[PDB]
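Chemist: this one's structure only:
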């Protein structure tokens, strides 16, 4: 398609003509227009040679602009960027070392097997430089070179120089060097991870007080790789890391908390430092939740693990985790989980105060999680289940459908947890029979009727009401209805006989569900053979239920504590799961 | 019948927009944006016959430009694609290897060419040579 | 560590992107545009894991800023870097908007090259980068309610009444889709209550255009601050055209056995959670004019044929979520007319679902009375989403 | 000269910011308004330039609230450029000031009254482009007279024909049942081919609602078609397009013939048939140019002729030739031709005469489906396969669909699964094949199959199929893979729990192996799946005493007795009590034959 391609006249021809103009201002304008046209998607590859002719200019603005242009092509297609290495290598006597940094990072952008020969010498000769930014860019370029899987035997000297960069005046240089070393050391070659621990740690901790915030992040993350052998070194490291409460919203605080939790192996009987550390770890985690919603979400996901490991740190801070209206939904849910985990014996008196208020909010799923949280509080503490039941009945009387459905769902679980302890409640629930349409709430109500059947005088009518529209219902509802009717037949023989045929010879053979058919036939056979065995096989004493939901694997918990500050805690998954 | 004709670029800026069916200005902008979004996704290997609302679009690429014509679901697609190519050839011969910019500085000439070749949502004339002769005699008249 | 930095507008087009690691390609951009911006079944989260790709996304006004990674990196550090970069960009060129971003591509490339050094979030001090960055940006410059109203019990009902319009190709490609809805606030309140009503970000302020027309009593600053007039009133009206969750999905299959026979099988699938139940399901299947007779069979609901409307009417009282049902009709055609095959009009269907097809969910609603001590806790709030069907048609 | 427009456009395109562009637009608009507001009127050239500038500003998307007065004033000018620019500006910007409509109607009437072909052509173009109700009411009675005028030349006749087309499309009631029908019908014999094209389009549109009026044109059209296809390469030199004589006119004539039933006169029917196979044979000839454009142009006429043949549906030989020609297009390097051929063959698959010819290409359709890249082409191929599927080749098509599913992607699996299920429903003859196909479909893509399908397969297995051993073997061979998922787990649990005794002889299918498989499944199963597996477990308790002991330890752990869900816990309690209390007699009693349901 030669149409609209001719370069004699057009936008590309005009840009090329402007690029060759003698005045540098119009050249800069042309380069800016070229960059904009590239960004908006217009193909301006045919302008590549002329802009390369702009390399040899004393002006720095044009040189910087063409550097950004070449980096833009570097990640799009490396082959186009290869044709500029001849101009790139002019990086020896050029003043203003930021130009050297830009050049070496531009070589860092291009990823080809052909760039190794032309980069080894400039990288080697720029690491030992007086300007700190050139040292920075050399340090990051060594890591980017090590990113590929190759030997590049000069890489040994590269890593030797990188390790030598730890003893440098500028904190940012050593911070970038240690960050690059950490990024390189994820895989361990034959000669790496040397036992140069004491002096390197001393230098890192000395420089930490002067490093930039991100430098502090890098150093403290690298400290998580170290493991101590003597308690004196651990105590010194902890007491030197503790003053880390900088302006960073969570990064510095979270990484320092990671380090302190990792360096937690002492004795509280004689050393009055474990208790003091647990005491002063609270204010940082409390003040983390006064920032921004995303940072608050990350801090909450870390606090979940911190509380799960050592609950005594946040024992008396249930007030700060109260949900504000203006926070997003994820922060609300995580704060709800934190409140549930911290529901001790003494704070319930206010916790149920908050969880009752959350059930009147206009957010449906948040109210659902709030009533489920009320149920979780009831399950956790056996001494406060009566207050939880009273609150749930209060919510039930409010007559809101999305509240009532999950409230009665929770009532089913509470009745399962403490049987024959809230008998007087059930009759009230009988009033809310026609207000349930969700499968979960309907199943919960049917099961509640099935058990304690002798305490309801009109349970036969309640079951007959649902039996009419047996079809067009979920499998859970059908199975629960079958189980409840069979349970009530044994509890109430010779009054509900007509139910047995209507449920077995009509709601089993007509249904196409295989598992439901098997259940119906098994129930028919057991009832036809002898009710004596049916009573003792169906009405067996159901054991309690374990609260394993609010529990995590101790080894997995230890791994997550080893990875507090990173994405593993946010996902609550091992790093091996996402390789 | 032809619904609308568009000459676009990768930047999304419309360069020709002929509308044979009534629409509001914001409606026209929405339709142009959606057409550009649909066209720019497909590559060369993909078909040129893309369903779009209760219509379809026949489009082709020429260097830095996209040509699109919107037709009904029951019209011969290849005929309209060849009409697109014929219109492109007429423009190219009339503007002496037309470029993208020549569709802006001579937008009224583009409009009169489109009206000469397309009218009332159908194909008016198909012969390049005497269409060009008509255009030259029109240009000669002052 | 940090893979790449992307900046998008509300539409989902890549305003400006810059990748630092070669292992990330166009797949990351496509995944972030598809399953994050246009996510329907998932509750929004700042971090997203997609096929071994971690997305950190921050929304500022109407601009999405995303960081794509493939390693195990400090999440808090990445979020703080995003915040600091947003602050620096705001310092350079004021408000962060689509026009401002498009006006300063050179400066945004400058910043992404300077502060973000190959996944390493270096210093973002405004005074430190003035020497480091040379280019400078370009900046852009009571009556409806009485007094003394009293009620025995303060209450308010919200009804989000939406109507979904769709035209679908037979192969499943969505040709056209939009939702036109309104908010009805039946409020019985006493005094001069100031109401704050905050929502999610699904609404941004012959064919449909995305728009939102408010009421006179509302004010904007996200949040809606107003004073509800007594009785029943319509809070706002809106018309969205992007990211419509579809309560139903219709697959028609027609086989023309010769000219005297037709076999039409229509399968309806429910694309919502199993808890929700859709009521009043009516499927209208078009029928050829020269229809001698029909044999129509369904395993769910009831079906029949109407010669008054010349259509198969298939009524289902209720349907659950994530369920599929089918209707099968064998039609015998008498060729009274010669040739000129019958053009098939689209298959229509009407339904009602208890959830907004636009994805709108009300976040918070408070009432504050500076005259009497009662607050949002004392008032009873009801919320009801009702999404009906407008012109909901799928070609057969 | 025309220098202001170029400078203005260059300044606009060079603006660095949108605010600066808006400021420039506002400044130019204010300058134009001030110039036109002045009492001193200037020459027409300045007005023409300013109107063109206003049009360019409106084209950028800005709003213009004036400019129509001088736009109308430009129409009265005898200079052609001013009239053309004014007409274009009026066409682009629709105005609703009734006085302006009166002015433009008067100007258009004056232009039409003039004998200059260019001015009347511009007026017709403006009327066709605007096409408002007022213009229709003004010129509905005038356009046909211009159309049938013998002194009007060819270009004005084309423009008037298309203007009448537009008026009829926008105002059906203003086009009467006039006496100009004979003249417009006979106009198709004009030497100028473009006039024939315009008249053909007009007749195609008008014949949709007035068939009995334009019937006599049909035969005439056929004649022209012959004179289009029998012409040599040196004929119609003006109307040739890459060695093809008048493709668009041929297409339009074919549509016109499609608008009407087959002619009753045998002579014209024979002539059009000869033209049809002439087109087909010309398509069968090797290309005269290696360029894609000539092939596209010729295939346009080919596809339109095929569509005409389908619409007529009267010549079995023509249908067979069209089917063969389409089959030659499936193995075409291009994709547009492949898509069009697939669509046309899908249309043909609905005709009795060409059904065998469609079924002949089953192998090439399958090969095209297997080796395609675009999703749309694959979907069209699958729809064609469903349309052409029949009892003669149902097994082959179903097997090929499943084989494709083994390596297919997620963009087509839903449709493939649904079609396979429906075909197995409709064309099942022997129970063994149906059960095997359904089970294989489950094993491949159960996550997309409906619940009723695997209810029905279990039902038919239960009632009477004497293939229980084969079904159990297939289930067991399917369940030993890590890629299994929920629906396969459910159906496998039920089938095993009911017929595990038939494969107990094989040492590779020992009860311990079955239990290990099911327990491995448990790690990634949902609540109803677990309930079905527990039912299967008690079935095995009743059926396999040797494994029974190790079942009890399964039905006593914290995962069963302390399960959060009430249903699973209750099932575990019941099954543990049944296994422990009483003896094997009760479990034998609860496992009956479950006789098949009565059949009506």
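Modeler: Thanks, I have it. Numbering: from 1, shown residues only, chains lettered A, B, ... in the order given.
Chemist: from chain A, which residue is nearest to chain B?
Modeler: residue A:10 (3.2 Å; C-beta to the nearest C-beta). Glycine gets a C-beta too; all of them are placed from N, C-alpha and C.
Chemist: now that residue: how far from residue A:386?
Modeler: The spacing between residue A:10 and residue A:386, counted by C-beta to C-beta, to the nearest Å, is 83 Å.
Chemist: Torsion angles phi and psi at residue C:372?
Modeler: phi -120, psi 150 (degrees, to the nearest 10).
Chemist: Assess the claim that it and residue C:193 are in contact.
Modeler: No: look at residue C:372 against residue C:193 with C-beta atoms under 8 Å: they stay out of range, at 9.1 Å.
Chemist: More neighbours: which of the two?
Modeler: residue C:193 (25 against 12; other C-beta atoms under 10 Å in any protein chain shown).
Chemist: show me the contacts for the more buried one.
Modeler: By C-beta atoms under 8 Å, 6 or more residues apart in numbering or on different chains, the contact list for residue C:193 reads C:227-228, C:367-369.
Chemist: Please state the offset of the longest helix along chain C from the chain centre?
Modeler: Longest helix of chain C, by residue count under DSSP state H: helix C:75-93. Centroid separation for helix C:75-93 versus its chain: 28 Å, with C-alpha atoms, centre = their mean, to the nearest Å.
Chemist: anything in the host helix or strand of residue D:110 near chain B?
Modeler: In this assignment (DSSP states H and E), residue D:110 forms part of helix D:98-113. No: using C-beta under 8 Å from any C-beta of the partner chain, helix D:98-113 stays clear of chain B, with a minimum separation of 14.8 Å.
Chemist: Distance check, residue B:64 against residue B:42.
Modeler: Residue B:64 is 17 Å from residue B:42, by C-beta to C-beta.
Chemist: Those two: which is more packed in?
Modeler: Between residue B:64 and residue B:42, residue B:64 has the larger neighbour count (other C-beta under 10 Å), namely 20 against 14.
Chemist: Looks like that one contacts residue B:13 (just checking).
Modeler: No: in this structure, residue B:64 is not within contact of residue B:13 by C-beta under 8 Å, at 11.4 Å.
Chemist: circling back: are any of the contacts of residue C:193 buried, and which?
Modeler: Buried subset of the contacts of residue C:193 (neighbour count, 16 or more other C-beta atoms under 10 Å in any protein chain shown): C:227-228, C:367, C:369.
Chemist: returning to that earlier point: which one of residue A:10 and residue A:386 has more residues nearby?
Modeler: Shown here are residue A:10 and residue A:386; by other C-beta under 10 Å, residue A:10 has more neighbours (20 against 13).
Chemist: can you tell if the strand or helix carrying residue D:586 touches chain A?
Modeler: According to DSSP H and E, residue D:586 maps onto helix D:584-590. Yes: using C-beta under 8 Å from any C-beta, we find that helix D:584-590 touches chain A at D:586, D:589-590.
Chemist: and of those residues, the nearest to residue A:55?
Modeler: Of all the residues of helix D:584-590 next to chain A, residue A:55 sits closest to residue D:590, with 88.2 Å by C-beta to C-beta.
Chemist: rewinding a little: for the residue of chain A closest to chain B, which residues are in contact?
Modeler: So residue A:10 contacts A:4, B:99-102 (C-beta under 8 Å, 6+ apart).
Chemist: out of these, which is most surrounded?
Modeler: Neighbour counts for the contacts of residue A:10 peak at residue B:99, which has 25 neighbours (criterion: other C-beta under 10 Å).
Chemist: Thought residue A:2 was touching that residue, still the case?
Modeler: No: contact between residue B:99 and residue A:2 fails when scored by C-beta under 8 Å: they sit 11.9 Å apart.
Chemist: give me every residue that touches the residue of the stretch 151-300 of chain C found nearest chain D.
Modeler: In the stretch 151-300 of chain C, no residue comes nearer to chain D than residue C:256, which is 3.6 Å away by C-beta to the nearest C-beta. Residues in contact with residue C:256, defined by C-beta under 8 Å, 6+ apart, are C:262, D:350, D:387.
Chemist: where does the closest residue to the second one other than its chain neighbours fall, phi/psi-wise?
Modeler: What it means is residue D:350. Distances taken as C-beta to C-beta, 6 or more residues apart in numbering or on different chains place residue C:256 nearest to residue D:350, at 3.6 Å, with adjacent residues excluded. Backbone geometry at residue C:256, expressed as degrees, to the nearest 10, gives phi -100, psi 90.
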